[PDB]
Amino acid sequence: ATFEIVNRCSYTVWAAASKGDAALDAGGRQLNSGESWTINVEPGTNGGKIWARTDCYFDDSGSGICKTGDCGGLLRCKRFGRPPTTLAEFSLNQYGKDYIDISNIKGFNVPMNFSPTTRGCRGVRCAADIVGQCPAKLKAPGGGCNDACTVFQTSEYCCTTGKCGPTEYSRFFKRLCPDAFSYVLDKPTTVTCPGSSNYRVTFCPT
């Protein structure tokens with residue numbers, strides 16, 4: 001499957017793509033404002049994610065740091081990134097279908113649209129100014145808006161027991177972005193696409 005990753009933000013981002021225990025494609029690449037990077041993701045990829053990272057410094061060997069979404073200091077991500085990270089999430093060729101969503105469960109850093117480029121389903125978007133409107137207690141000094149699990153490490157916010165409810169903090173993410181996951185047990189906003197669809201992830205779509 002092809003994922004065209006497009007940075008419409010006015011600032012550089014470093015895209016990342018991983019399934020948690022491996023890179024997807026090269027795993028990461030710089031995208032200056034307006035650039036596009038097309039990656040190939042293997043059919044059957046389960047639990048893949050794409051995200052932006054902000055304010056990165058890398059050395060000649062690809063080693064460094066980002067203020068958001070850092071994936072163990074690597075340009076080329078093999079693992080998931082440090083919150084806060086707005087997440088484009090996908091499982092492909094899962095009994096004949098693909099499943100896509102956007103999640104704010106690991107916070108928000110960059111607005112995003114995640115849409116198919118092929119027929120048969122709708123995209124999803126979380127483009128509201130979550131960083132600017134972020135509750136004081138969630139603001140990440142490093143940049144972005146942290147999820148409450150990250151900040152507070154409670155069973156209730158992290159849904160550790162599998163019994164959690166919505167919270168003041170989850171309701172903020174949900175209010176600004178109703179079509180993204182706000183906490184682990186949120187009513188799903190997952191979209192079912194045809195198996196082997198192709199996609200475009202756009203940062204700062206509006």
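Backbone-built Cβ (ideal geometry, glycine too); neighbour counts: all protein chains shown. Read the figures in this text as sums done on the coordinates, not as results from a lab.
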Quiz item: For the chain, what is the percent of antiparallel DSSP beta bridges, rounded to the nearest 5?
Solution: 90 percent
Quiz item: What residue among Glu89, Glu168, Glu42 shows peak mean-square fluctuation when the chain is described by a Gaussian network model with Cα springs under 10 Å?
Solution: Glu168
Quiz prompt | Highest-MSF residue in the chain out of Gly195, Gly162, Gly20 [GNM, Cα springs under 10 Å] | solution = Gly162
Practice problem: Note the per residue figure in Å³ for the convex hull of the C-alpha positions in the chain. | Solution: 114 Å³
Quiz prompt | Mean residue ellipticity (222 nm) of the chain, computed from DSSP H runs ≥ 4 via -39,500 (n - 2.57), nearest 500 | solution = -2000 deg cm²/dmol
Quiz prompt | Selected from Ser103, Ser63, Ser91 as most flexible by GNM, with the chain as the system and alpha-carbon contacts under 10 Å | solution = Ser63
Practice problem: Find the relative contact order for the chain and round it to a whole percent, using C-alpha pairs within less than 8 Å whose residues are 6+ positions apart. | Solution: 23 percent
Self-check item: Listed residue (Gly73, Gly34, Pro205) projecting farthest to the positive dipole end of the chain, Cβ model
Solution: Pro205
Quiz prompt | Charged-residue dipole, Cβ positions (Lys, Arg, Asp, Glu), the chain about Cα centre, Debye nearest 20 | solution = 360 debye
Practice problem: Just tell me the longest site-free run in the chain, where the sites are chymotrypsin sites (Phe, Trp or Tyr not before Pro) in a DSSP loop having at most 14 other beta-carbon atoms within 10 Å. | Solution: 96-206
